[PDB]
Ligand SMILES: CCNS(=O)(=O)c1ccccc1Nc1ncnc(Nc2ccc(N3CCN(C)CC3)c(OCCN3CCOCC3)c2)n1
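Read the single chain below, which is given as structure tokens and is the form deposited without the named molecule.
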């Protein structure tokens, strides 16, 4: 059913499945040891595979995620593809491992004891790292579409890496104007044009980057608290936007606000975000 891709295929006998990773609602991910995936040494990786009650769509979805990841070059702030077992057996998609888990829970875990608390600098660095990851993704003609703290993983050394490319697409693989377009994107992280106009550009991702930022500086807070998704867009159209997180600088809040500009082209680019964040990061250090 699946074609083999020599430059990615990995021997199953060379893979040892470990304990599960995550809640496992939308798939089955387990830790594992891959021998020679790097030449004869074992590497701790993560393997994405189907759940027992998976659908046909879950399969083609996973296959698509794998194919998208193949088109994304290696990058420090991106969970990259290491290989896959596609022949005679379940589909195993092997990607880089991040021991600290998703950013959302990571941020909630070190909230003020009222683990080591996150310093303001850490929050800036976190944001900075993810901005770099996105700048590279945009340079690769890739729109992630599902940016959110839950979709960011943290390594043992606190490196921030964008994950979950299930909804990600090449810039040209989006049907503009089709009523079904963007229908599977979480509403609270979604740019308005995504729904109203049925289009998706890199600027759409920066809108999402804005919500991710808010989540970061609230230390894992849930966006638009108390506001149900069925009522969110009317409000946004009326100009509504989330408030400045506590302890957040006005400068960083204004950055979030720029990301939430009604007009896509008036929002900053990931390149500009990377440059402003580098500046703020350096000033804090000094």
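Basically, rigid core = biggest C-alpha set you can superpose within 1.5 Å across the two forms. Positions refer to the first chain, counted from 1. Only residues modelled in both forms are compared.
- According to the entry, the stretch of the deposited sequence that connects residue 114 to residue 115 contains 10 or more residues lacking coordinates, which leaves a long gap in the model.
- The modelled chain breaks after residue 38 and resumes at residue 39, leaving 1 to 3 residues of the deposited sequence without coordinates.
- In this entry, 188 to 196 shows the higher mean Cα temperature factor of the pair 188 to 196 and 145 to 153.
- For the two regions 57 to 65 and 244 to 252, the entry's Cα B-factors average higher over 244 to 252.
- Per the PDB record, 87 has a higher Cα B-factor than any other of 87, 80, 203, 129.
- Residue set 118, 213, 162, 171: peak C-alpha B-factor at 118 (per PDB entry).
- The entry lists a Cα temperature factor for residue 262 that places it in the middle third of the chain's modelled residues.
- Ranked by Cα temperature factor within the chain, residue 43 sits in the highest third according to the deposited record.
- The PDB entry assigns residue 16 a C-alpha temperature factor belonging to the highest third of its chain's modelled residues.
- In the deposited entry, the Cα temperature factor of residue 137 places it in the lowest third of its chain's modelled residues.
- Residue 98: CA B factor lies in the middle third for its chain, per the PDB record.
Same protein, other form: the form solved in complex with the named molecule, not shown, and the subject of what follows.
- When the named molecule is superposed onto this form from its pose in the entry with it bound, none of its atoms comes within 2.4 Å of a backbone or C-beta atom, and the site is therefore classed as open.
- Looking at 190 to 198, 203 to 211, 125 to 133, 144 to 152, the stretch with residues near the named molecule in the entry with it bound, meaning non-hydrogen atoms within 4.5 angstroms, turns out to be 144 to 152.
- The named molecule in the entry with it bound comes within 4.5 Å of a heavy atom belonging to residue 99.
- Contact annotation for residue 105: at least one heavy atom lies within 4.5 Å of the named molecule in the entry with it bound.
- Within this chain, residue 85 is remote from the site of the named molecule in the entry with it bound, having no heavy atom within 4.5 Å.
- Heavy atoms of residue 15 never reach within 4.5 Å of the named molecule in the entry with it bound, leaving it off the interface.
- For the three residues 19, 26 and 31, a heavy atom within 4.5 Å of the named molecule turns up in the entry with it bound in every case.
- Taking a 4.5 Å heavy atom cutoff to the named molecule in the entry with it bound, the contact residue among 138, 163, 174, 118 is 163.
- Residue range 22 to 26 is the only run of 3 or more whose C-alphas all shift by 2 angstroms or more between the shown form and the other one once the rigid core is superposed.
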